Every structure is written in C-alpha cells, then in structure tokens.
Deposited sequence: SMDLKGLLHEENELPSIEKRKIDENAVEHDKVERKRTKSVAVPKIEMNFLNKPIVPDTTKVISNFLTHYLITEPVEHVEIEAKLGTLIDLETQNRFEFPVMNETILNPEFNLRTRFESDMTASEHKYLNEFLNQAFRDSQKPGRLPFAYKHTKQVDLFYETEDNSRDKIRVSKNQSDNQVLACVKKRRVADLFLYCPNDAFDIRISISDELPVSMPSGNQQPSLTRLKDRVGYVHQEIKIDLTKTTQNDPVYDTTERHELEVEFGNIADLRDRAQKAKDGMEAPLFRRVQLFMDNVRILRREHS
C-alpha cells in the first residue's frame, strides 16, 4: 500500500503564499469585518505607474501581490483591446465545448444584452434593464470596499482583486432622469459555480466619439458557500477555503496567460 509519488516529504497539501494572502484578504471582509452584500471579482487589465503613466514596472519574475501602500501610487485600467477580447472570447468558447464532453464538468453559458442607467442621489444608483423588453433586472448602489493588486510581468495582463458592496436599493422616482446611460454586452461562462464574464460596454459622450471598452472578470458564484468556508478558516480548518481560492485563482491565471 505504497504510492508512486508524494507531493512533498510530508505527504501533505502545501499552500503557496499567494493563496493564503488572498484567503486572509477575503476572510477579513467575509467574516471579520463582514460586507452584507459582498461582491468578489478579479478583473484583467493593466497596472499603471502614476509617475510614468505606463504599465507598472517591478524587478520581479512572477505574479506578485503588492502591498496596499502601493495602491496610492498606482492606477488600474480595467480596459482591454478588442483584439485581446476576441482572442479570449474564442478561447472560452472552445473551453466551453470541451467541457460538454463525457466525464467533464459542463460549462454554463448565458449571453445578456442590457442597459445601465445611473441616477443621482438625495455616488449613484445603477439600474439594469434588458435592451429588448426593458424589464428591470437589478437596482443597486455599488460601494468599493478594498482592492488587491497583482503585478504579472510574465503576462500581458495584470489583475485587480476587488471587494465591493452591491447595496440593493429601491427604484428611483418615475420622473427622475438618468445621469448616464451605457449599453452592456455580457457573455457569462459558469463553471463549478465560478463565473467568467466577458463584458463589452459602449460609452456615449456629448463631446467625444463613442468608445467601446472590453472587460473580463472572474467572480465567485456562491457567496453563501464561500462565506461558510471562510468561517471555518477563521475557526481553525482552512482547507476548503484554500481550495476554493486556489481554484478561483487558477482559472484567473489561465485567462491571463491567454494572449496572442
């Protein structure tokens, strides 16, 4: 009853620093100082050095989590070229098809075309409706809680891990006009309750030409369960939280590395 290979001389699952740090990060805003309507999402983009106004440069060789004291010195563009976006789009569709094979855990697909309306308050209230029948999908007030920035010198994309609060508020008055209106094309892939959204947003302006920004983000689709796992981590047993984070971050790594 002896194995062929052991993963280490302890024959134990070892967790890298990256996973532990992100795990403690989430646990702080899941259990320690709880966010009532939390939204955890990692976005692909470029990290910008505020001094050079170009992509952040650091003498490192691997995926690196910066200290929060560097957040004040950098900026994060959540944008992406149409070419990069399409390349990721095709890759994901291929992965989607392969997951339909026998023995695989299937991908879920959901394509939405919706309108975002922003209303002033008495910060803004965001209202989401379908472009087709104008039925209200959601009406929230989003608050930025905390951010974790990952510099990725080996890839074409850096990553921002954001924690937010989507406070559900009532529909604004029927006579108030939206401050801003933007169309959004959202291609959502779901695998193991982990969400992968390809978002395409057209922005109109009274002066500038219309621009269309491209985004990709990975999101936890089961907050209640992630909360439960993070609870145990706070208690003592932190294995299921580590695995969930590791799975989350590994999906992120795959997408990030996917560039022409």
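Taken in order along the deposited sequence, the stretches absent from the coordinates are 1-40, 163-166.
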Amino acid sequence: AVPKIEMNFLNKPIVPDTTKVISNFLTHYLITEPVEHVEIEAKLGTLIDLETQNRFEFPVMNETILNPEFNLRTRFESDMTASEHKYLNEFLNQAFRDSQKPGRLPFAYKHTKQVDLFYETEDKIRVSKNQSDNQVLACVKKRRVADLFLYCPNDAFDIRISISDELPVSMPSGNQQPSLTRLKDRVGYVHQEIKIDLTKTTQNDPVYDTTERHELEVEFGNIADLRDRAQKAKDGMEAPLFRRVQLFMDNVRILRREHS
From here on, numbers count along this sequence of modelled residues.
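Just going by the entry, 229-237 versus 33-41 on mean CA temperature factor gives the higher value to 229-237. Looking at 170-178 and 72-80 together, the entry lists the larger mean B-factor for 170-178, computed on C-alpha atoms.
Take 141, 101, 186, 86 and read off each C-alpha B-factor from the entry; 101 has the highest. Residue set 204, 62, 222, 192: peak C-alpha B-factor at 204 (per PDB entry). When all modelled residues of the chain are sorted by CA temperature factor, residue 259 is found within the middle third. In the deposited entry, the Cα temperature factor of residue 154 sits in the middle third of values across the chain's modelled residues. Ranked within its chain, residue 196 lands in the middle third, by CA B factor from the PDB record.
Residue 113 sits in the middle third of its chain by CA B factor, as recorded in the PDB entry. In the deposited entry, the Cα temperature factor of residue 46 sits in the bottom third of values across the chain's modelled residues.
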